[PDB]
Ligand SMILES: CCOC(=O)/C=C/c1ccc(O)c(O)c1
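This document starts with one chain, in the form solved without the named molecule, laid out as structure tokens.
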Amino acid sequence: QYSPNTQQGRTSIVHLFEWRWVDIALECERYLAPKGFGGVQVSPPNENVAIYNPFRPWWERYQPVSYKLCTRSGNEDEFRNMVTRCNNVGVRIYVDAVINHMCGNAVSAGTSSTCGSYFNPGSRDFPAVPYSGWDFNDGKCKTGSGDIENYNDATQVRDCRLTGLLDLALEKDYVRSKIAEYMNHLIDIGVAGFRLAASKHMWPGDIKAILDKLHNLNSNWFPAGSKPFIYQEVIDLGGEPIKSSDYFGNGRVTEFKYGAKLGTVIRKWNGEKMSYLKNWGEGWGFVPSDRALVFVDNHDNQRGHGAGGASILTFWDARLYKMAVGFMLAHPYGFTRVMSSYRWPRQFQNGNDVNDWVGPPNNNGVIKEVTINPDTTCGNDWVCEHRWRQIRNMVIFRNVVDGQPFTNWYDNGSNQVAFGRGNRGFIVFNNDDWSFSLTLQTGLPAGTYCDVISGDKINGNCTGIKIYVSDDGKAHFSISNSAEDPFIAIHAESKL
């Protein structure tokens, strides 16, 4: 299940949040493939409720109306075209599957959907699937409000409505079959796996029953017997009766403790320091590496909207964000996901962003295209973190050192640390309030290496800092606490 199904030496996927199918298709060909990215997580491709108040928020896409591939990202033809073109260039597609529920029970009946499908939440009617009152958990939930009221009761967390979202009766074979019908359509089109949204709100056993109905990956692109990659969104920060380990039999799980703790450490909250990262991973109480999908931030918590709270690092905190992403991509733990966002007008009031609902860049509701500037950055308010030199080069760094052990660790007892990956790579960080100048053992072969954070290797030369490694593997590193990017990374492929 726990294999990404990515090509040979590609080790990361990027979340192109709210991107249109046509733009992702181009991106696969012009950037992702040549830069070594393993795949793309796309937003829910199935029809959702069109919410006008507020005006087309990002979260309207987590309120299904049917399973027709018709959204603001494009129609079914465009979706198929994207999967085909991306697959032909070796870049996988993973879809965000919303199968725990349909839309809000208080939503008005009518055809206010992204494809015009009629639906009536009030009478539990979704004819486009079709689903009726018999397919929901209204009679199974025991809370007085019908919604989830207390997370200390594992039963209502699964059988009741997540903040009013109509809850599907996943134990019924009919419902499980309608879900598999949807997912098998996607698999046969060519998708490589799925992100199961709101997995905590589904019984591990019901999920398994559904997965048992799924086909193997399309044999025109994947080896026979390939199973779809599955990563379940389970927010488990401890303290709840439900644990992410209960879902290991179905596939990997999102490790939300990862970004939450990395954030507090890099921000140096509660006296935490980078030197403590020496035993980062399972030692910190995280799930086993082979069951983890990791990330610094996700579409939900980058807007204070999810697990992690105020500690989560995002593109808004550029300097520290690049370091966190850098550390994540260099460290062997888990399978990594890079975030790619869009800017929205943040407006805090009493510590809360009142514009956290704002959807993707648009013209009267029509999502804007991703424009590429001559410096390779994006326009139309798309942030494109995956294109920042410091992040893109670390994505490549991870590919280069794949399989190499964690070694040659160093720390100053504070926030100046370094470590290597076998004899293929080495990275150094300075998060202290003073300069760093020291000769360290890198485990790398003698030679002149280009630092891939401050620059690039361009045929025989480096555009940024250059590092000289001696015969014994030692090299001198100098990082000022005033550096634009307070960290240096060099690897086998950046050697001159």
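Residues carry their position along the shown sequence, with the first being 1.
Participant: Taking the recorded C-alpha temperature factors, which stretch has the higher mean, 334-342 or 397-405?
Facilitator: Stretch with the higher mean C-alpha B-factor: 397-405.
Participant: Return whichever of 238-246 and 195-203 has the greater mean Cα B factor according to the PDB record.
Facilitator: The stretch with the larger average C-alpha B-factor is 238-246.
Participant: Considering only 22, 475, 13, 16, which residue's Cα atom bears the greatest B-factor as recorded?
Facilitator: It is 475.
Participant: Given 47, 27, 60, 456, identify the residue with the highest C-alpha B factor in the PDB entry.
Facilitator: So the option with the highest C-alpha B-factor is 456.
Participant: Taking the values exactly as deposited, rank residue 428 by C-alpha B-factor within its chain and report the matching third: lowest, middle or highest.
Facilitator: Middle third - that is where residue 428 ends up once the chain's C-alpha B-factors are sorted.
Participant: Ranked by Cα temperature factor within the chain, is residue 354 in the lowest third, the middle third or the highest third?
Facilitator: For residue 354, whose C-alpha B-factor we compare with every modelled residue in the chain, the answer is the highest third.
Participant: Lowest, middle or highest third: which one holds residue 171 when the chain's residues are ordered by CA B-factor from the entry?
Facilitator: According to the entry, residue 171 has a C-alpha B-factor in the chain's middle third.
Participant: Report the third (lowest, middle or highest) to which the CA temperature factor of residue 143 belongs, ranking only the modelled residues of the same chain.
Facilitator: It falls in the middle third of the chain.
Participant: Give the position of residue 464 by CA B-factor within its chain, expressed as the lowest, middle or highest third.
Facilitator: As the PDB entry reports it, the C-alpha B-factor of residue 464 lands in the highest third of its chain.
Here the subject shifts to the form solved in complex with the named molecule, a form of this protein not shown in this document.
Participant: Since the chain is shown here on its own, which stretch among 80-88, 403-411, 216-224, 419-427 would lie within 4.5 Å of the named molecule in the deposited bound form, judged by heavy atoms?
Facilitator: That would be stretch 80-88.
Participant: Scan 186, 370, 329, 323 and let me know which has any heavy atom within 4.5 Å of the named molecule in the deposited bound form.
Facilitator: For this set of options, the contacting one is 370.
Participant: Only one of 26, 440, 50, 33 has a non-hydrogen atom within 4.5 angstroms of the named molecule in the deposited bound form; which is it?
Facilitator: So the residue touching the named molecule in the deposited bound form, by this definition, is 26.
Participant: Taking the named molecule in the deposited bound form, would 22, 236 and 285 all count as contacting it (heavy atom within 4.5 Å)?
Facilitator: Answer is yes for this spot.
Participant: Can you check whether residue 177 is within 4.5 Å of the named molecule in the deposited bound form, heavy atom basis?
Facilitator: No, residue 177 stays farther than 4.5 Å from the named molecule in the deposited bound form.
Participant: So in the deposited bound form, does any heavy atom of residue 245 sit within 4.5 Å of the named molecule?
Facilitator: Yes.
Participant: Considering non-hydrogen atoms and a 4.5 Å limit, does the named molecule approach residue 257 in the deposited bound form?
Facilitator: Within the cut-off, so yes.
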